[PDB]
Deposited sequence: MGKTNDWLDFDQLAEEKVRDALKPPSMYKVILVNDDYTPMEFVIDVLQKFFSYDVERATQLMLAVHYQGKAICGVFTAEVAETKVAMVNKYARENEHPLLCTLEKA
């Protein structure tokens, strides 16, 4: 459960790409874990995206609202930190 105490032209907010960046220490298995856990990919697609991260240096995990993207990025980076991997997750305007 949650503790709520303690936890002129006008354009709509833009959507954001959530990206996973490559590094030399994070195991392929962990990248796949992250893709399945935080992005709901199946083993097949998660594996393809992990290879893209590995060979292209970066890969787009998904496109979300600014608000959702920011949260997913923090959750992934916190998970990588807890598992002691330097897996970097970022975002940028779609």
As a test: can you identify every run of the deposited sequence that has no C-alpha position in this structure, in order? 1-6, 14-19
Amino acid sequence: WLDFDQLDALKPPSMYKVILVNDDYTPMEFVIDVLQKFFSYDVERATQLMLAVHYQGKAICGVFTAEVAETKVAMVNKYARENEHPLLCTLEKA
From here on, numbers count along this sequence of modelled residues.
In terms of its chain's C-alpha B-factors, the third that includes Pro86 is the middle
Determine, from the deposited record, the chain-internal third of the Cα B-factor for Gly57: lowest, middle or highest. highest
Classify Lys72 as lowest, middle or highest third according to the C-alpha B-factor given in the PDB entry, relative to its own chain. middle
Ranking the modelled residues of this chain by C-alpha B-factor as given in the entry, is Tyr41 in the lowest, middle or highest third? highest
Per the entry's values, where does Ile19 land by CA temperature factor relative to the rest of its chain, in the lowest, middle or highest third? middle
